[PDB]
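> Got a structure for you, questions after.
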Amino acid sequence: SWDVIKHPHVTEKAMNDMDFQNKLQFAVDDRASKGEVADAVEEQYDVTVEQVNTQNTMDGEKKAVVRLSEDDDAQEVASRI
Amino acid sequence: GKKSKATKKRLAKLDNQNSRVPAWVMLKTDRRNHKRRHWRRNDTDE
Amino acid sequence: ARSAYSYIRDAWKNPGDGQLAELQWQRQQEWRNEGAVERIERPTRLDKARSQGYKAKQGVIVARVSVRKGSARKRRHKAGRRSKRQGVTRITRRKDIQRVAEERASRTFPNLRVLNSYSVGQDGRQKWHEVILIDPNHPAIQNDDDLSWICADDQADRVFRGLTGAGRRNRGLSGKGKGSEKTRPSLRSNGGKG
Amino acid sequence: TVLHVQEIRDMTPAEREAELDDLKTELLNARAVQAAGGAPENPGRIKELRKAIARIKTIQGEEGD
Amino acid sequence: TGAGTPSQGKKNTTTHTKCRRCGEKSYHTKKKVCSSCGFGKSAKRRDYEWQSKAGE
RNA sequence: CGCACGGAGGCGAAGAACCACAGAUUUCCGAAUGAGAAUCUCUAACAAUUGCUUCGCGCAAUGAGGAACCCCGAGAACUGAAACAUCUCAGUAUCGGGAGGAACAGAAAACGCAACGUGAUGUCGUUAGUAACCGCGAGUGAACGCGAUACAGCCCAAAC
RNA sequence: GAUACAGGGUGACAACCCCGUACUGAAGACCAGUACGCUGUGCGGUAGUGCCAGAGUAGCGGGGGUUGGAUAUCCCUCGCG
RNA sequence: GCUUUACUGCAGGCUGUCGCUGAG
Ligand SMILES: [Cl-]
Ligand SMILES: [Cl-]
Ligand SMILES: [K+]
Ligand SMILES: [Mg+2]
Ligand SMILES: [Mg+2]
Ligand SMILES: [Mg+2]
Ligand SMILES: [Mg+2]
Ligand SMILES: [Mg+2]
Ligand SMILES: [Mg+2]
Ligand SMILES: [Mg+2]
Ligand SMILES: [Mg+2]
Ligand SMILES: [Mg+2]
Ligand SMILES: [Mg+2]
Ligand code: NA
Ligand code: NA
Ligand code: NA
Ligand code: NA
Ligand code: NA
Ligand code: NA
Ligand code: NA
Ligand code: NA
Ligand code: NA
Ligand code: NA
Ligand code: NA
Ligand code: NA
Ligand SMILES: [Sr+2]
Ligand SMILES: [Sr+2]
Ligand SMILES: [Sr+2]
Ligand SMILES: [Sr+2]
Ligand SMILES: [Sr+2]
Ligand SMILES: [Sr+2]
Ligand SMILES: [Sr+2]
Ligand SMILES: [Sr+2]
Ligand SMILES: [Sr+2]
């Protein structure tokens, strides 16, 4: 059985979304929907997801831009992992 | 042209195959990518 | 004494005489409006069916098939051919109409195997044959000491390989001696000269 | 290496399920440090984590969950 | 207009594509039939005796 | 700790590596079977054709593959005949259908060294380039028998 | 040394350096769910009895294919039987 | 390749006959 979250996408553009827009970027499974990516992030990190934006990358994988709520800080979630 | 999800995965693989034989394989075998494809000079499928 | 079966047999010796003449004149009207392969509950010629191997048992199927009368439905040559190979009209197929009927029936019933067949008449444009087919997978047949041979793997698609009685007759295998030099053990082993 | 076949059989169906999620989290957190290209890595442990998850899933099949 | 070089310029149509069944770039996307394996035409794989010499 | 002799690290006396057998896992497309689609997608599926049937896809079957071999159908031409039409190439090439580990054949309405004789069937050697065919041209071409191989004979329909 | 002087490897020509090699022994697969053995059934003979024994068949004719098959191959088709 | 009252054949059309096909 396949897992939803593969690993975090950590690049410079991923950090600009983390420091400024409270968004965490993940490389997810391509069969996973926006709603499934939302649930899995909440169930793994104990955060509240507001919006998920996906893209099927030229690497064969799916990249997900996950926005957290104002109660949660993206920088603090990325530092523990 | 408009690409499908599968066409995108295939083009993605072709790009990954286009990389060089790593520096360490040259040392391990004690001394060449034959599948070197160029976007202009060569032709892909579909 | 005579069997009731012997009377069905004696009627079929002359299908254009007696009560059978009237019966066939009526039946063919319904048959001409029927399909290519029609499964029937009971055989029209019980004597012949039973004589050929039929039993009123589970997994034993009978089906009437209509095949067209006449020679080959041949297309004329579209390239260079010598005079001997330029014919269309007088060419006839090497397989008889009965064998075409058996094959069409076996295809309508992919799981079943052809046991035998017999003629049930003709009109001006077509011929009718009833094919006795058997279910090799039904336990009512796998336990039958008279029919269980048909359950063997090598009996699979027996009709398409000419293993039927009509198959063996059309292959020229009837005679055991003179005349069957190019036919036995097979037409193919003898270079296709039979 | 740290987890043997006998030790997984000494566990209960609920202890295997809990050990499965624990190793999956250690694998995801190892794949996170690899995504950033860290220096205090252990290349042999990330290999053993995959084999250990395979071992638990094999025992879950043998015992009937 | 010449049949050679000037007629080659109009060639931007996609016909033969990667096949779902065999993996060859022979699936005609307009006919929906593979020229290599026969996908779309037959359940059986396209094979012919002339693809080799008679006694081979 | 594959090919593959690197760097880092790791596993192995809790007996690893490696080999044999058995088992687990085994994505998507693929006969491809819920429907569609260039390997993806859309809303519970033996699709289709069949047998049985509790008449419900409940129980089953078929499909496709395989080096060639095998069996059943369709069936050329170059060529040879110093032309060419029958003939020949050849029932060959090629095509359609189908089985198996081998196929097919097979226990005489046989043979017919005519016998006071043989005794299912393949195959091998021979019979023999004989008999037979044939613009009686070029060419084509068996069988019975014999010596071997291996051997094995049986079941229905009907009578009652 | 040898029931082992087959072959290979090893820094150059190796029976005796190493793997093997002869000898002996083990396992699996095939033969084969066969042979042998066994259980059960029951072989056969006399006399009488025209009770039974497979039809578009046997066979004939028209037209074709095929074969060495010639009047005397095998088959298909149409009609008759 | 093409032509035709070249040789030989093959489709096709027309026509008789048999089968389908029966009653007065
Ligand atoms: Cl069959
Ligand atoms: Cl004799
Ligand atoms: K010729
Ligand atoms: Mg989008
Ligand atoms: Mg790149
Ligand atoms: Mg043979
Ligand atoms: Mg589908
Ligand atoms: Mg010529
Ligand atoms: Mg010549
Ligand atoms: Mg001459
Ligand atoms: Mg000849
Ligand atoms: Mg003879
Ligand atoms: Mg001939
Ligand atoms: Na990745
Ligand atoms: Na290009
Ligand atoms: Na069948
Ligand atoms: Na496997
Ligand atoms: Na099925
Ligand atoms: Na059903
Ligand atoms: Na010549
Ligand atoms: Na000439
Ligand atoms: Na001749
Ligand atoms: Na013949
Ligand atoms: Na005739
Ligand atoms: Na010309
Ligand atoms: Sr990239
Ligand atoms: Sr170019
Ligand atoms: Sr079949
Ligand atoms: Sr013009
Ligand atoms: Sr165009
Ligand atoms: Sr089609
Ligand atoms: Sr083929
Ligand atoms: Sr014998
Ligand atoms: Sr008899």
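Chain identifiers are assigned as A, B, and so on, following the order in which chains appear in the structure tokens; residues are numbered from 1 within each chain, and ligands are numbered from 1 in order of appearance.
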Extract, using only C-alpha atoms (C1' of nucleotides), all DNA, RNA and protein residues at most 9 Å from range 21-30 of chain E, discarding same-chain residues fewer than 5 positions from it, and format them as a PyMOL selection string.
(chain B and resi 45-46) or (chain E and resi 14-16+35-40) or (chain F and resi 29-30+38-39)
> Residues of chain F that have any atom at most 8 Å from an atom of chain B: could you tabulate them with the shortest-distance atom pair and the distance in Å to one decimal, using only C-alpha atoms (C1' of nucleotides), ordered by chain and increasing number, as JSON lines?

{"residue": "F:4", "atom": "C1'", "partner": "B:29", "partner_atom": "CA", "distance": 4.8}
{"residue": "F:5", "atom": "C1'", "partner": "B:28", "partner_atom": "CA", "distance": 5.7}
{"residue": "F:6", "atom": "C1'", "partner": "B:24", "partner_atom": "CA", "distance": 4.9}
{"residue": "F:7", "atom": "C1'", "partner": "B:24", "partner_atom": "CA", "distance": 7.8}
{"residue": "F:38", "atom": "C1'", "partner": "B:46", "partner_atom": "CA", "distance": 8.0}
{"residue": "F:39", "atom": "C1'", "partner": "B:6", "partner_atom": "CA", "distance": 7.2}
{"residue": "F:40", "atom": "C1'", "partner": "B:6", "partner_atom": "CA", "distance": 6.4}
> May I have the residues within 9 Å of ligand 13, computed using only C-alpha atoms (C1' of nucleotides) and all ligand atoms, as number ranges by chain?
F: 87, 90-91; G: 65-67
> Please find the residues contacting ligand 16 at a distance of at most 10 Å between atoms, with only C-alpha atoms (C1' of nucleotides) and all ligand atoms counted, and report them as a list in words.
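Every residue with an atom at most 10 Å from ligand 16 is listed here: residues 102, 103, 104, 105, 106, 107, 108, 109, 110, 111, 112, 113, 114, 133, 134, 135, 156, 157, 158, 159 and 160 of chain C; 50, 61 and 62 of chain F.
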> If the cut-off is 9 Å, can you tell me the residues of chain C near chain G, counting only C-alpha atoms (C1' of nucleotides)? I'd like them as an mmCIF file with N, CA and C atoms, in the first residue's frame.

data_model
loop_
_atom_site.group_PDB
_atom_site.id
_atom_site.type_symbol
_atom_site.label_atom_id
_atom_site.label_comp_id
_atom_site.auth_asym_id
_atom_site.auth_seq_id
_atom_site.Cartn_x
_atom_site.Cartn_y
_atom_site.Cartn_z
ATOM 1 N N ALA C 1 -38.495 -57.647 -30.655
ATOM 2 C CA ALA C 1 -39.400 -56.778 -31.470
ATOM 3 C C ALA C 1 -38.712 -55.466 -31.859
ATOM 4 N N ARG C 2 -39.328 -54.727 -32.789
ATOM 5 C CA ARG C 2 -38.802 -53.435 -33.251
ATOM 6 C C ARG C 2 -38.880 -52.374 -32.155
ATOM 7 N N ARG C 9 -36.144 -43.762 -37.749
ATOM 8 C CA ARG C 9 -35.084 -44.102 -38.689
ATOM 9 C C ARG C 9 -35.650 -44.406 -40.062
ATOM 10 N N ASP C 10 -36.712 -45.204 -40.081
ATOM 11 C CA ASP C 10 -37.358 -45.613 -41.320
ATOM 12 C C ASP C 10 -38.097 -44.478 -42.023
ATOM 13 N N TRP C 12 -36.940 -41.306 -41.881
ATOM 14 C CA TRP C 12 -35.845 -40.496 -42.398
ATOM 15 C C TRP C 12 -35.058 -41.054 -43.574
ATOM 16 N N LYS C 13 -35.434 -42.258 -44.006
ATOM 17 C CA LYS C 13 -34.822 -42.906 -45.161
ATOM 18 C C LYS C 13 -35.364 -42.221 -46.413
ATOM 19 N N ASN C 14 -36.577 -41.677 -46.293
ATOM 20 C CA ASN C 14 -37.256 -40.948 -47.366
ATOM 21 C C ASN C 14 -37.889 -39.665 -46.802
ATOM 22 N N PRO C 15 -37.093 -38.583 -46.626
ATOM 23 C CA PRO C 15 -37.647 -37.331 -46.088
ATOM 24 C C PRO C 15 -38.591 -36.524 -46.993
ATOM 25 N N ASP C 47 -33.243 -41.417 -32.886
ATOM 26 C CA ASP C 47 -32.526 -42.649 -33.204
ATOM 27 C C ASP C 47 -31.075 -42.358 -33.573
ATOM 28 N N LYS C 48 -30.900 -41.417 -34.510
ATOM 29 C CA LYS C 48 -29.602 -40.998 -35.027
ATOM 30 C C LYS C 48 -28.762 -40.325 -33.957
ATOM 31 N N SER C 51 -27.733 -43.018 -31.503
ATOM 32 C CA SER C 51 -26.812 -43.875 -32.253
ATOM 33 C C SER C 51 -25.439 -43.224 -32.328
ATOM 34 N N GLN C 52 -25.438 -41.893 -32.406
ATOM 35 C CA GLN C 52 -24.211 -41.113 -32.475
ATOM 36 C C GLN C 52 -23.553 -40.825 -31.136
ATOM 37 N N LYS C 69 -26.170 -23.504 -49.384
ATOM 38 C CA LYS C 69 -25.955 -24.551 -50.378
ATOM 39 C C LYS C 69 -25.026 -24.074 -51.487
ATOM 40 N N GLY C 70 -24.377 -25.041 -52.142
ATOM 41 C CA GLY C 70 -23.482 -24.748 -53.246
ATOM 42 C C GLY C 70 -21.982 -24.802 -53.016
ATOM 43 N N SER C 71 -21.264 -24.369 -54.056
ATOM 44 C CA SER C 71 -19.803 -24.332 -54.108
ATOM 45 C C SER C 71 -19.167 -23.217 -53.274
ATOM 46 N N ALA C 72 -17.894 -22.944 -53.554
ATOM 47 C CA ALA C 72 -17.126 -21.924 -52.855
ATOM 48 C C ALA C 72 -17.561 -20.517 -53.198
ATOM 49 N N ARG C 90 -16.405 -22.965 -60.723
ATOM 50 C CA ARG C 90 -16.310 -24.404 -60.484
ATOM 51 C C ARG C 90 -15.494 -24.907 -59.296
ATOM 52 N N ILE C 91 -14.898 -23.982 -58.551
ATOM 53 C CA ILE C 91 -14.108 -24.316 -57.370
ATOM 54 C C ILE C 91 -15.054 -24.632 -56.216
ATOM 55 N N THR C 92 -14.792 -25.740 -55.536
ATOM 56 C CA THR C 92 -15.582 -26.157 -54.387
ATOM 57 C C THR C 92 -14.600 -26.271 -53.236
ATOM 58 N N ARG C 93 -15.091 -26.108 -52.010
ATOM 59 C CA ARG C 93 -14.236 -26.197 -50.832
ATOM 60 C C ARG C 93 -13.984 -27.668 -50.509
ATOM 61 N N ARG C 94 -12.863 -27.932 -49.844
ATOM 62 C CA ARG C 94 -12.488 -29.287 -49.472
ATOM 63 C C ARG C 94 -13.218 -29.826 -48.248
ATOM 64 N N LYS C 95 -13.783 -28.931 -47.438
ATOM 65 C CA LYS C 95 -14.565 -29.330 -46.267
ATOM 66 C C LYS C 95 -16.028 -29.341 -46.665
ATOM 67 N N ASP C 96 -16.745 -30.386 -46.257
ATOM 68 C CA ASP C 96 -18.171 -30.493 -46.561
ATOM 69 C C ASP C 96 -19.029 -29.581 -45.676
ATOM 70 N N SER C 119 -27.621 -34.800 -40.576
ATOM 71 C CA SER C 119 -28.455 -33.979 -41.436
ATOM 72 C C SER C 119 -29.923 -34.027 -41.064
ATOM 73 N N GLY C 121 -32.131 -32.256 -43.278
ATOM 74 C CA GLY C 121 -32.718 -31.718 -44.492
ATOM 75 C C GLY C 121 -32.188 -30.426 -45.082
ATOM 76 N N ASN C 170 -14.291 -36.920 -44.149
ATOM 77 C CA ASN C 170 -13.926 -35.881 -45.115
ATOM 78 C C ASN C 170 -12.409 -35.860 -45.350
ATOM 79 N N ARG C 171 -11.654 -36.393 -44.391
ATOM 80 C CA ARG C 171 -10.202 -36.470 -44.505
ATOM 81 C C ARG C 171 -9.769 -37.717 -45.273
ATOM 82 N N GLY C 172 -10.747 -38.527 -45.692
ATOM 83 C CA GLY C 172 -10.484 -39.745 -46.447
ATOM 84 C C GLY C 172 -9.918 -40.906 -45.640
ATOM 85 N N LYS C 178 -6.373 -50.001 -49.553
ATOM 86 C CA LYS C 178 -6.207 -49.355 -50.862
ATOM 87 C C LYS C 178 -7.003 -48.059 -50.994
ATOM 88 N N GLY C 179 -6.315 -47.016 -51.455
ATOM 89 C CA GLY C 179 -6.929 -45.715 -51.646
ATOM 90 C C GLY C 179 -6.603 -44.709 -50.565
ATOM 91 N N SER C 180 -6.145 -45.189 -49.410
ATOM 92 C CA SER C 180 -5.829 -44.321 -48.282
ATOM 93 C C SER C 180 -4.333 -44.166 -48.001
ATOM 94 N N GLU C 181 -3.534 -44.170 -49.065
ATOM 95 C CA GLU C 181 -2.076 -44.035 -48.954
ATOM 96 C C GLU C 181 -1.643 -42.615 -48.576
ATOM 97 N N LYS C 182 -2.336 -41.626 -49.152
ATOM 98 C CA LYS C 182 -2.072 -40.206 -48.909
ATOM 99 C C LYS C 182 -2.938 -39.597 -47.785
ATOM 100 N N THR C 183 -3.814 -40.392 -47.170
ATOM 101 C CA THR C 183 -4.682 -39.878 -46.107
ATOM 102 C C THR C 183 -4.299 -40.250 -44.664
ATOM 103 N N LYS C 193 -1.683 -34.217 -50.175
ATOM 104 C CA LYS C 193 -2.063 -34.827 -51.448
ATOM 105 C C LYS C 193 -3.329 -35.683 -51.407
ATOM 106 N N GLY C 194 -3.961 -35.767 -50.233
ATOM 107 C CA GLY C 194 -5.168 -36.568 -50.045
ATOM 108 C C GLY C 194 -6.493 -36.163 -50.689
#
> Name the residues, by chain letter and number, that sit within 9 Å of ligand 33 using only C-alpha atoms (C1' of nucleotides) and all ligand atoms, and give them as an MDAnalysis selection string.
chainID F and resid 119:120 151:152
> Filtering to N, CA and C atoms (P, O5', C5', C4', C3', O3' and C1' of nucleotides), could you give me those residues as a PDB file, in the first residue's frame?

ATOM      1  P     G F 119       0.103 -62.851 -38.462  1.00  0.00           P
ATOM      2  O5'   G F 119      -0.868 -61.598 -38.318  1.00  0.00           O
ATOM      3  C5'   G F 119      -0.454 -60.287 -38.748  1.00  0.00           C
ATOM      4  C4'   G F 119      -1.638 -59.350 -38.786  1.00  0.00           C
ATOM      5  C3'   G F 119      -2.346 -59.127 -37.457  1.00  0.00           C
ATOM      6  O3'   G F 119      -2.877 -57.810 -37.463  1.00  0.00           O
ATOM      7  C1'   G F 119      -3.851 -60.127 -38.989  1.00  0.00           C
ATOM      8  P     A F 120      -2.488 -56.777 -36.295  1.00  0.00           P
ATOM      9  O5'   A F 120      -3.102 -55.416 -36.835  1.00  0.00           O
ATOM     10  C5'   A F 120      -4.443 -55.371 -37.360  1.00  0.00           C
ATOM     11  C4'   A F 120      -5.090 -54.058 -36.993  1.00  0.00           C
ATOM     12  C3'   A F 120      -4.279 -52.827 -37.352  1.00  0.00           C
ATOM     13  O3'   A F 120      -4.433 -52.474 -38.716  1.00  0.00           O
ATOM     14  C1'   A F 120      -5.008 -52.634 -35.130  1.00  0.00           C
ATOM     15  P     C F 151       6.989 -51.819 -25.508  1.00  0.00           P
ATOM     16  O5'   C F 151       5.537 -51.827 -26.161  1.00  0.00           O
ATOM     17  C5'   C F 151       4.654 -52.925 -25.985  1.00  0.00           C
ATOM     18  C4'   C F 151       3.511 -52.825 -26.957  1.00  0.00           C
ATOM     19  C3'   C F 151       2.571 -54.007 -26.876  1.00  0.00           C
ATOM     20  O3'   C F 151       1.616 -53.758 -25.860  1.00  0.00           O
ATOM     21  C1'   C F 151       3.215 -53.702 -29.116  1.00  0.00           C
ATOM     22  P     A F 152       1.052 -54.973 -24.985  1.00  0.00           P
ATOM     23  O5'   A F 152       0.142 -55.750 -26.029  1.00  0.00           O
ATOM     24  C5'   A F 152      -1.001 -56.495 -25.610  1.00  0.00           C
ATOM     25  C4'   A F 152      -2.239 -55.933 -26.252  1.00  0.00           C
ATOM     26  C3'   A F 152      -2.080 -55.452 -27.690  1.00  0.00           C
ATOM     27  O3'   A F 152      -3.311 -55.644 -28.360  1.00  0.00           O
ATOM     28  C1'   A F 152      -2.857 -53.690 -26.354  1.00  0.00           C
TER      29        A F 152
END
> All residues within 9 Å of ligand 2 are required, counting only C-alpha atoms (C1' of nucleotides) and all ligand atoms; please report them as a list in words.
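Listing the residues within 9 Å of ligand 2 gives residues 111, 112, 113, 115, 117, 118, 119, 144 and 145 of chain F.
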> Which residues are near ligand 32 - at most 7 Å, using only C-alpha atoms (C1' of nucleotides) and all ligand atoms? Format: as a ChimeraX atom specification.
/E:46-49
> Taking only residues of chain F that have an atom at most 12 Å from an atom of chain A, what is each one's shortest atom pair and its distance in Å to one decimal, using only C-alpha atoms (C1' of nucleotides), in chain and number order, as a Markdown table?

| residue | atom | partner | partner_atom | distance |
| --- | --- | --- | --- | --- |
| F:25 | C1' | A:1 | CA | 10.6 |
| F:26 | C1' | A:1 | CA | 11.5 |
| F:27 | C1' | A:2 | CA | 9.1 |
| F:28 | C1' | A:31 | CA | 11.6 |
| F:40 | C1' | A:31 | CA | 10.8 |
| F:41 | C1' | A:31 | CA | 11.1 |
> Let me see the file: selected residues, N, CA and C atoms (P, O5', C5', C4', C3', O3' and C1' of nucleotides), as a PDB file, in the first residue's frame.

ATOM      1  P     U F  25       0.837 -12.507  -0.241  1.00  0.00           P
ATOM      2  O5'   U F  25       1.660 -11.192  -0.603  1.00  0.00           O
ATOM      3  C5'   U F  25       1.943 -10.196   0.400  1.00  0.00           C
ATOM      4  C4'   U F  25       2.991  -9.217  -0.095  1.00  0.00           C
ATOM      5  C3'   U F  25       2.770  -8.594  -1.467  1.00  0.00           C
ATOM      6  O3'   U F  25       1.875  -7.498  -1.423  1.00  0.00           O
ATOM      7  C1'   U F  25       5.019  -9.271  -1.271  1.00  0.00           C
ATOM      8  P     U F  26       0.717  -7.371  -2.526  1.00  0.00           P
ATOM      9  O5'   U F  26       1.511  -7.290  -3.909  1.00  0.00           O
ATOM     10  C5'   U F  26       2.543  -6.305  -4.124  1.00  0.00           C
ATOM     11  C4'   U F  26       3.354  -6.656  -5.350  1.00  0.00           C
ATOM     12  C3'   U F  26       2.554  -6.947  -6.609  1.00  0.00           C
ATOM     13  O3'   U F  26       2.195  -5.751  -7.288  1.00  0.00           O
ATOM     14  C1'   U F  26       4.208  -8.608  -6.327  1.00  0.00           C
ATOM     15  P     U F  27       0.818  -5.680  -8.112  1.00  0.00           P
ATOM     16  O5'   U F  27       0.638  -4.118  -8.362  1.00  0.00           O
ATOM     17  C5'   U F  27       0.393  -3.208  -7.267  1.00  0.00           C
ATOM     18  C4'   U F  27       0.662  -1.786  -7.703  1.00  0.00           C
ATOM     19  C3'   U F  27       0.150  -1.459  -9.094  1.00  0.00           C
ATOM     20  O3'   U F  27      -1.200  -1.040  -9.020  1.00  0.00           O
ATOM     21  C1'   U F  27       2.405  -0.773  -8.893  1.00  0.00           C
ATOM     22  P     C F  28      -2.296  -1.685  -9.995  1.00  0.00           P
ATOM     23  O5'   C F  28      -2.000  -0.982 -11.385  1.00  0.00           O
ATOM     24  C5'   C F  28      -2.209   0.428 -11.538  1.00  0.00           C
ATOM     25  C4'   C F  28      -1.667   0.892 -12.859  1.00  0.00           C
ATOM     26  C3'   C F  28      -2.096   0.058 -14.048  1.00  0.00           C
ATOM     27  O3'   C F  28      -3.368   0.463 -14.494  1.00  0.00           O
ATOM     28  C1'   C F  28       0.222   0.413 -14.152  1.00  0.00           C
ATOM     29  P     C F  40       0.742   5.975 -16.356  1.00  0.00           P
ATOM     30  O5'   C F  40      -0.061   7.349 -16.318  1.00  0.00           O
ATOM     31  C5'   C F  40      -1.250   7.493 -15.508  1.00  0.00           C
ATOM     32  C4'   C F  40      -2.386   8.010 -16.349  1.00  0.00           C
ATOM     33  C3'   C F  40      -3.696   8.272 -15.629  1.00  0.00           C
ATOM     34  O3'   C F  40      -3.709   9.508 -14.930  1.00  0.00           O
ATOM     35  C1'   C F  40      -4.136   7.133 -17.637  1.00  0.00           C
ATOM     36  P     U F  41      -4.475   9.609 -13.516  1.00  0.00           P
ATOM     37  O5'   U F  41      -6.019   9.421 -13.886  1.00  0.00           O
ATOM     38  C5'   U F  41      -6.731  10.452 -14.570  1.00  0.00           C
ATOM     39  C4'   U F  41      -8.054   9.950 -15.108  1.00  0.00           C
ATOM     40  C3'   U F  41      -9.205   9.669 -14.156  1.00  0.00           C
ATOM     41  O3'   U F  41      -9.826  10.879 -13.706  1.00  0.00           O
ATOM     42  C1'   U F  41      -9.170   8.080 -15.912  1.00  0.00           C
TER      43        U F  41
END
> Just want the 12 Å neighbourhood of range 9-23 of chain H, counted on only C-alpha atoms (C1' of nucleotides), with same-chain residues fewer than 5 positions away dropped. Output as a VMD selection string.
(chain C and resid 21 to 22 25 28 69 to 70 74 to 78 80 to 90 122 to 127) or (chain F and resid 85) or (chain G and resid 62 78 to 80)
> Any chance you could list, as a PyMOL selection string, the residues in chain D that come up alpha helix (DSSP H) when DSSP is run on the backbone?
chain D and resi 5-9+13-28+30-36+45-63
> Just write the chosen residues, C-alpha atoms, as a PDB file, in the first residue's frame.

ATOM      1  CA  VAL D   5      12.710 -11.795  13.485  1.00  0.00           C
ATOM      2  CA  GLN D   6      12.142 -13.461  16.885  1.00  0.00           C
ATOM      3  CA  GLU D   7      11.521 -10.081  18.579  1.00  0.00           C
ATOM      4  CA  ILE D   8       8.705  -9.315  16.077  1.00  0.00           C
ATOM      5  CA  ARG D   9       7.095 -12.697  16.803  1.00  0.00           C
ATOM      6  CA  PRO D  13      -0.640  -7.670  16.729  1.00  0.00           C
ATOM      7  CA  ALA D  14      -1.065  -4.207  18.306  1.00  0.00           C
ATOM      8  CA  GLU D  15       2.669  -3.912  19.160  1.00  0.00           C
ATOM      9  CA  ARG D  16       3.622  -4.648  15.528  1.00  0.00           C
ATOM     10  CA  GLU D  17       1.189  -1.990  14.234  1.00  0.00           C
ATOM     11  CA  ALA D  18       2.699   0.506  16.688  1.00  0.00           C
ATOM     12  CA  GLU D  19       6.268  -0.485  15.736  1.00  0.00           C
ATOM     13  CA  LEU D  20       5.329  -0.187  12.036  1.00  0.00           C
ATOM     14  CA  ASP D  21       4.180   3.449  12.430  1.00  0.00           C
ATOM     15  CA  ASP D  22       7.271   4.210  14.564  1.00  0.00           C
ATOM     16  CA  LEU D  23       9.672   2.935  11.902  1.00  0.00           C
ATOM     17  CA  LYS D  24       7.679   4.675   9.123  1.00  0.00           C
ATOM     18  CA  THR D  25       8.112   7.973  10.989  1.00  0.00           C
ATOM     19  CA  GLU D  26      11.862   7.329  11.457  1.00  0.00           C
ATOM     20  CA  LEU D  27      12.053   6.581   7.703  1.00  0.00           C
ATOM     21  CA  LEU D  28      10.121   9.749   6.762  1.00  0.00           C
ATOM     22  CA  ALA D  30      15.471  10.223   7.492  1.00  0.00           C
ATOM     23  CA  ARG D  31      14.138  10.980   3.988  1.00  0.00           C
ATOM     24  CA  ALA D  32      13.581  14.574   5.182  1.00  0.00           C
ATOM     25  CA  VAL D  33      17.241  15.049   6.185  1.00  0.00           C
ATOM     26  CA  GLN D  34      18.265  13.485   2.841  1.00  0.00           C
ATOM     27  CA  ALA D  35      16.000  15.986   1.020  1.00  0.00           C
ATOM     28  CA  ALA D  36      18.049  18.790   2.614  1.00  0.00           C
ATOM     29  CA  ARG D  45      20.233   2.841   8.934  1.00  0.00           C
ATOM     30  CA  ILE D  46      17.939   4.127   6.140  1.00  0.00           C
ATOM     31  CA  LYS D  47      18.575   0.764   4.407  1.00  0.00           C
ATOM     32  CA  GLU D  48      17.767  -1.220   7.591  1.00  0.00           C
ATOM     33  CA  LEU D  49      14.551   0.757   8.163  1.00  0.00           C
ATOM     34  CA  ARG D  50      13.129  -0.489   4.842  1.00  0.00           C
ATOM     35  CA  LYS D  51      14.139  -4.092   5.651  1.00  0.00           C
ATOM     36  CA  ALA D  52      12.620  -3.864   9.150  1.00  0.00           C
ATOM     37  CA  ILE D  53       9.269  -2.611   7.758  1.00  0.00           C
ATOM     38  CA  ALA D  54       9.396  -5.519   5.314  1.00  0.00           C
ATOM     39  CA  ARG D  55      10.056  -7.926   8.213  1.00  0.00           C
ATOM     40  CA  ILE D  56       7.075  -6.649  10.253  1.00  0.00           C
ATOM     41  CA  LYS D  57       4.726  -6.808   7.233  1.00  0.00           C
ATOM     42  CA  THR D  58       5.895 -10.383   6.539  1.00  0.00           C
ATOM     43  CA  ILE D  59       5.172 -11.453  10.147  1.00  0.00           C
ATOM     44  CA  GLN D  60       1.758  -9.675  10.007  1.00  0.00           C
ATOM     45  CA  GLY D  61       0.948 -11.923   7.055  1.00  0.00           C
ATOM     46  CA  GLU D  62       2.216 -15.143   8.669  1.00  0.00           C
ATOM     47  CA  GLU D  63       0.341 -14.711  11.972  1.00  0.00           C
TER      48      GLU D  63
END
> Could you pull the residues within 8 Å of residue 10 in chain F, counting only C-alpha atoms (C1' of nucleotides), minus those fewer than 2 positions along the same chain, as a PDB file with N, CA and C atoms (P, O5', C5', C4', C3', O3' and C1' of nucleotides), in the first residue's frame?

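So around_38.pdb came out as:
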ATOM      1  N   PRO D  43      23.995   6.276   6.415  1.00  0.00           N
ATOM      2  CA  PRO D  43      23.536   5.567   5.205  1.00  0.00           C
ATOM      3  C   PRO D  43      23.108   4.103   5.365  1.00  0.00           C
ATOM      4  N   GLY D  44      23.585   3.463   6.431  1.00  0.00           N
ATOM      5  CA  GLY D  44      23.246   2.075   6.695  1.00  0.00           C
ATOM      6  C   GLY D  44      21.918   1.883   7.408  1.00  0.00           C
ATOM      7  N   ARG D  45      21.485   2.894   8.169  1.00  0.00           N
ATOM      8  CA  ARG D  45      20.233   2.841   8.934  1.00  0.00           C
ATOM      9  C   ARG D  45      18.978   3.010   8.080  1.00  0.00           C
TER      10      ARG D  45
ATOM     11  P     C F   1      29.352  -9.115  -1.708  1.00  0.00           P
ATOM     12  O5'   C F   1      28.432  -7.928  -1.176  1.00  0.00           O
ATOM     13  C5'   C F   1      27.000  -8.037  -1.209  1.00  0.00           C
ATOM     14  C4'   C F   1      26.367  -6.761  -0.714  1.00  0.00           C
ATOM     15  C3'   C F   1      26.816  -5.484  -1.399  1.00  0.00           C
ATOM     16  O3'   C F   1      26.152  -5.296  -2.647  1.00  0.00           O
ATOM     17  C1'   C F   1      26.764  -5.148   0.939  1.00  0.00           C
TER      18        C F   1
END
